[PDB]
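> Sharing a structure with you now.
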Amino acid sequence: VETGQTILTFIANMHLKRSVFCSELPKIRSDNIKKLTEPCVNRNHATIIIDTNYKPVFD
Amino acid sequence: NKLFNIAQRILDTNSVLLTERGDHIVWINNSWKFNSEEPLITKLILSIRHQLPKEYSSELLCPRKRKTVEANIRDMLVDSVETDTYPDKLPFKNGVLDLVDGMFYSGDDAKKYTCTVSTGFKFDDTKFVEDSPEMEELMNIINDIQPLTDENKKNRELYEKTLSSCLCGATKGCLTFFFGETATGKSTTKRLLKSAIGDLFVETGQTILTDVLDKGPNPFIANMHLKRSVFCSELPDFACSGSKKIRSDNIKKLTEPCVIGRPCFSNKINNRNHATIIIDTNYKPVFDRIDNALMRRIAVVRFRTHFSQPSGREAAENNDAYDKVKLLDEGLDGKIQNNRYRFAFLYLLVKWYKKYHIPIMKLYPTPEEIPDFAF
Amino acid sequence: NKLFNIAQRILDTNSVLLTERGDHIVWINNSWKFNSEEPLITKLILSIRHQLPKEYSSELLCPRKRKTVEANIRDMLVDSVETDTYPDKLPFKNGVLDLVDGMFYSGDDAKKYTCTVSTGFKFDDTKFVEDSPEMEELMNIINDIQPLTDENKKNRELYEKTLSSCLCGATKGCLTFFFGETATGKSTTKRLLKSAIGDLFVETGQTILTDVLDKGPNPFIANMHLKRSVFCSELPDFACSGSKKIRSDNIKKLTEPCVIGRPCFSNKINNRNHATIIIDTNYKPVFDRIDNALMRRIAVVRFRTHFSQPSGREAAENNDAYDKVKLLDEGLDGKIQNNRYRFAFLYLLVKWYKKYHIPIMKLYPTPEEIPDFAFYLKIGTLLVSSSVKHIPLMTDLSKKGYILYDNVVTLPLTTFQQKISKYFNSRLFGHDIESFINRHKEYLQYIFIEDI
DNA sequence: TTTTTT
Ligand SMILES: Nc1ncnc2c1ncn2[C@@H]1O[C@H](COP(=O)(O)OP(=O)(O)NP(=O)(O)O)[C@@H](O)[C@H]1O
Ligand SMILES: Nc1ncnc2c1ncn2[C@@H]1O[C@H](COP(=O)(O)OP(=O)(O)NP(=O)(O)O)[C@@H](O)[C@H]1O
Ligand SMILES: [Mg+2]
Ligand SMILES: [Mg+2]
């Protein structure tokens with residue numbers, strides 16, 4: 001699954017997928033980061049892989 | 001048992017098929033059709049009654065038994081066959097026209113290409129020639145909107161390539177902007193396109209570019225399924241106070257082969273993107289995020305001819321945004337509305353397709369036309 | 001079998017059709033009717049039972065067997081048809097009135113023009129005459145609201161043209177503003193028009209102007225499908241604070257032949273625009289952005305006759321917003337509501353349509369009425385744009401402050417500011433001048449007319 | 001269930 005600047009900054013399009021891709025990180029909303037770790041938010045089965053162009057800055 | 005054999009015989013003719021989305025497509029009157037709010041399977045059961053044997057035909061006249069046959073058919077349909085896999089076929093209400101050669105297929109020949117959408121009108125091979133005065137009148141209309149001058153050569157070619165892309169059913173990698181001032185012929189071009197392709201043409205609202213799509217039913221997105229041309233007219237002056245500056249993420253989704261959106265009282269959320277998306281603009285677009293991905297997704301076609309009235313002619317000739325000034329035809333919107341140029345603009349589109357989009361179809365961006373992309 | 005034969009003879013008469021929007025239109029009582037929540041097909045089956053032989057008519061008295069016939073009918077209707085394609089036909093509840101002629105058609109003659117809308121009242125030829133002693137009173141009313149004088153000559157003609165175009169089932173390219181002070185006759189004109197065309201007249205809200213048209217269910221715009229006259233009322237002085245301006249985005253959208261907007265619990269997002277859109281005003285409208293594409297779609301009709309009570313008459317004869325003052329008629333409002341002038345006004349509209357909108361129907365704008373367009377109108381006659389006709393004249397252009405830059409034509413910002421300060425002050429157009437400078441910003445390719 | 005509501 002591909003998704004941009006929505007999950008970091010689609011609940012149905014995250015269920016049972018083994019991988020979720022986010023691109024061009026345009027903060028990163030660390031509260032959202034903590035949410036994707038838990039198995040239940042639907043069930044999380046995805047190695048959420050992010051590709052970046054520049055060094056990211058957290059909140 | 002007898003109604004089970006009727007359903008099996010109907011299924012043996014491959015006139016009902018199931019799509020991965022969940023549609024039931026029927027083959028009535030030389031055209032594949034699907035509709036979630038119309039008894040299309042029963043319409044086929046009634047029409048197919050002439051091909052079944054004599055004793056099986058009388059049983060199909062009672063409506064109640066036709067729903068029994070329909071239930072049997074819907075239970076038989078477990079598999080799912082891919083549809084609309086031919087990007088160089090033009091579906092009409094009575095056949096399919098090949099865009100590489102000039103051959104038109106009607107009947108079982110057109111059935112091989114599972115074209116579930118259609119133009120909505122029949123193919124009449126009497127005006128699809130080149131001759132007849134409709135073509136001569138139309139060629140004057142087009143040559144005034146986009147003159148054949150050398151400075152317009154690249155613009156005229158981009159104009160031809162974008163319009164001929166509406167014939168090809170496939171995913172298009174660019175979003176074209178029709179830029180011009182008032183009375184430039186953009187809406188005339190759109191209305192000519194609509195009569196040429198008919199039901200393969202849909203107009204959508206502004207929320208497909210400025211508003212987040214994922215919320216509730218979205219008929220403005222669900223109606224673009226398999227359409228080959230989407231027009232979003234009247235781009236507002238976002239470069240002002242109190243406005244929404246399009247959206248750079250929507251363009252990424254609108255270029256993807258799959259678009260998410262569901263109709264009312266329906267669960268089908270996947271739509272296939274086959275449309276050349278053109279936006280009618282008096283102002284060139286601006287975006288919240290200018291990325292590198294956005295660079296190869298936008299093309300601009302500029303209209304620089306003013307169709308003025310005899311009263312306001314002198315002022316028009318002293319305008320920078322106009323290269324030619326012509327005379328407005330009051331009785332021209334009526335001719336387009338009555339579909340007079342339906343099969344002449346269609347021939348022009350077919351010729352442009354044969355010249356440009358075979359054997360490879362692709363649209364290229366023109367980022368050196370937007371002030372924002374200059375930096 | 002027997003109920004299948006009945007359904008086939010019903011389709012042989014072509015009394016039920018399927019439209020491109022999925023609606024089943026039926027031909028009952030000399031009119032094409034459609035309704036998404038009414039049993040119109042079974043209504044036709046019961047009504048049409050008299051044209052069937054004896055053995056078939058008796059089986060149509062059972063509601064259960066009329067549903068079987070209806071179910072058979074919907075299965076045989078596979079192809080759509082085009083509807084409402086004749087713009088010069090006025091459909092009534094019992095026929096269609098030709099506008100190019102005075103002919104009225106009722107029967108199979110009116111069936112050819114598949115007009116799915118109608119006024120909703122039966123046409124009366126005994127009142128559609130001319131003499132009609134109510135017509136004298138109607139002439140008295142109309143000649144007061146829009147007097148027949150030399151000063152109110154082009155305004156009276158525009159008034160007649162706008163009201164006549166409400167009979168045409170085609171797309172109108174202009175939006176008309178009924179502008180006047182209080183008690184000038186705008187609502188009387190609206191109520192007279194509503195009485196004459198009936199259900200072809202619809203009253204809509206203010207959202208269709210000042211908000212987006214496609215943000216989910218918007219019944220205020222989906223009710224204008226196939227309507228020939230749309231009225232908006234009382235824009236709340238948009239030039240003042242706490243107001244949302246006209247949003248010229250919708251003005252161009254409302255002119256297009258198709259307007260995007262959907263009703264509740266439906267996916268029909270395309271509506272056909274056949275409407276003359278008229279807005280009653282006490283103040284001139286103000287738009288968010290002024291464009292040449294906006295000045296091409298605006299017309300204004302002025303109302304300048306005051307109908308006052310005897311007490312406050314003298315306070316109205318000294319007002320510059322009124323040209324004439326007349327006694328208010330207290331019983332006039334109730335007479336219009338009773339459709340007393342229903343057919344006299346219709347005869348007037350048909351006569352004016354024959355005078356103005358034949359053979360080509362088109363509404364023209366009046367940019368010289370809106371005060372917001374004055375700046376653009378002045379600039380249109382103040383400047384010449386770029387080049388080509390002026391390169392050989394640059395020898396005489398060395399003086400008068402003209403310089404050379406980028407080898408076409410140039411003018412410094414200070415020079416243009418000083419020059420434009422000499423034609424009109426910045427007291428009212430300072431923001432307008434700044435907006436023009438910003439939009440056309442440094443150098444400015446523009447040449448004065450007097451320097452040519 | 002969509003709209004209504006958030
Ligand atoms: N080749 C032509 N010859 C004569 N009249 C034409 C021609 N092309 C267009 N017109 C007319 O010119 C008018 C303006 O065309 P239109 O399609 O509205 O352009 P437009 O740019 O979309 N208008 P706008 O929305 O203000 O930008 C219409 O009445 C057309 O019928
Ligand atoms: N020709 C006429 N002779 C006498 N009275 C008339 C005439 N025309 C209209 N009236 C009456 O004059 C009154 C005021 O007219 P009205 O239709 O309310 O204009 P108006 O512009 O809508 N008022 P306002 O909403 O404040 O702008 C009403 O009671 C009408 O019935
Ligand atoms: Mg236009
Ligand atoms: Mg009023």
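For the structure tokens, the naming scheme is as follows: chains receive sequential letters (A, B, ...) according to their order of presentation, residues are indexed from 1 within each chain, and ligands are indexed from 1 in presentation order.
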Once you count only C-alpha atoms (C1' of nucleotides) and all ligand atoms, which residues end up within 9 Å of ligand 4, and could you hand them over as an NGL selection string?
:C and (182-188 or 190 or 233-234 or 280-281)
> Could you write out as a ChimeraX atom specification the residues of chain D within 12 Å of chain B, counting only C-alpha atoms (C1' of nucleotides)?
/D:1-4
> Could you take the residues named above and write them with C-alpha atoms (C1' of nucleotides), as a PDB file, in the first residue's frame?

ATOM      1  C1'  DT D   1     -27.938   3.723   5.691  1.00  0.00           C
ATOM      2  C1'  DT D   2     -27.206   8.391   4.221  1.00  0.00           C
ATOM      3  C1'  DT D   3     -27.275  12.269   6.148  1.00  0.00           C
ATOM      4  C1'  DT D   4     -25.955  14.541   9.721  1.00  0.00           C
TER       5       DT D   4
END
> Could you tell me, counting only C-alpha atoms (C1' of nucleotides) and all ligand atoms, which protein and nucleic acid residues lie no more than 7 Å from ligand 2, written as a list in words?
residues 140, 141, 142, 144, 145, 180, 181, 182, 183, 184, 185, 186, 187, 188, 189, 282, 307, 326, 327, 328, 329, 330, 332 and 333 of chain C
> Considering only C-alpha atoms (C1' of nucleotides), return as a ChimeraX atom specification whatever protein or nucleic-acid residues lie within 9 Å of residue C:337, sequence-local ones (same chain, fewer than 3 positions apart) excluded.
/C:191-192,195,332-334,340
> Can you tell me which residues surround residue B:373 at a distance of at most 12 Å, considering only C-alpha atoms (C1' of nucleotides), apart from same-chain residues fewer than 3 positions away, and format the answer as a ChimeraX atom specification?
/B:284-287,289-299,365-370
> Based on the selection just made, write C-alpha atoms of those residues as a PDB file, in the first residue's frame.

ATOM      1  CA  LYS B 284      -2.781  28.960 -14.161  1.00  0.00           C
ATOM      2  CA  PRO B 285      -2.733  26.540 -11.207  1.00  0.00           C
ATOM      3  CA  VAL B 286      -0.850  26.932  -7.942  1.00  0.00           C
ATOM      4  CA  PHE B 287      -0.272  24.210  -5.369  1.00  0.00           C
ATOM      5  CA  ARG B 289       3.375  21.605  -2.166  1.00  0.00           C
ATOM      6  CA  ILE B 290       5.704  21.860  -5.166  1.00  0.00           C
ATOM      7  CA  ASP B 291       7.579  18.559  -5.317  1.00  0.00           C
ATOM      8  CA  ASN B 292       9.608  16.833  -8.016  1.00  0.00           C
ATOM      9  CA  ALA B 293       6.864  14.242  -8.527  1.00  0.00           C
ATOM     10  CA  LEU B 294       4.422  17.068  -9.346  1.00  0.00           C
ATOM     11  CA  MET B 295       6.707  18.185 -12.189  1.00  0.00           C
ATOM     12  CA  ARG B 296       5.925  15.270 -14.519  1.00  0.00           C
ATOM     13  CA  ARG B 297       2.153  15.463 -13.992  1.00  0.00           C
ATOM     14  CA  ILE B 298       1.003  18.798 -15.493  1.00  0.00           C
ATOM     15  CA  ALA B 299       0.618  20.020 -19.076  1.00  0.00           C
ATOM     16  CA  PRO B 365       4.458  17.333 -19.091  1.00  0.00           C
ATOM     17  CA  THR B 366       5.190  20.984 -19.850  1.00  0.00           C
ATOM     18  CA  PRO B 367       6.483  22.459 -16.568  1.00  0.00           C
ATOM     19  CA  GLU B 368       7.971  25.419 -18.470  1.00  0.00           C
ATOM     20  CA  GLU B 369       4.500  26.965 -18.624  1.00  0.00           C
ATOM     21  CA  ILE B 370       3.638  27.598 -14.943  1.00  0.00           C
TER      22      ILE B 370
END
